[PDB]
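This document starts with one chain, in the form deposited in one PDB entry, laid out as structure tokens.
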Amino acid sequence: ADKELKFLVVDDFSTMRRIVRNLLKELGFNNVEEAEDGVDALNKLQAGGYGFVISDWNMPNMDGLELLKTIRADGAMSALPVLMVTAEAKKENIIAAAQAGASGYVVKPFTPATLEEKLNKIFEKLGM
């Protein structure tokens, strides 16, 4: 994928945002911004230019599933890739995420190799 691809990393835990941003740096993606919940995320996305979202599942104000649904219903962002991150895999959340249009779902903490693999599989099915 274009290494200038602009990511938005969404998590209420500033520490995890830092970690994910650094994992992306380790993969050659330097163009990354952060958001602290689903509402903040939408405010940042409105500026345009974003090509990928990585979002935590449980957040106050607007959670990850609601963010995903809002993204998917939007004209401009309808096809914006969204990778959902969760502290623990729950079969019901996986289904809900998939049927709501999630591009993928990963359990944290994850290694750089795992993130790379998730992103690459998403890039490959979307032709990025």
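For every residue, the number given is its place in the sequence shown, counted from 1.
Keep in mind that the form solved in complex with a partner chain is missing from the display, and what follows is about it.
Proximity of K121 to the partner chain in the entry with it bound falls within the 4.5 Å heavy atom cutoff. The partner chain in the entry with it bound is approached by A89, whose closest heavy atom lies within 4.5 angstroms of it. Using a 4.5 angstroms threshold between heavy atoms, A98 counts as touching the partner chain in the entry with it bound. Shown alone here, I94 lies within 4.5 Å of the partner chain in the entry with it bound, counting heavy atoms only.
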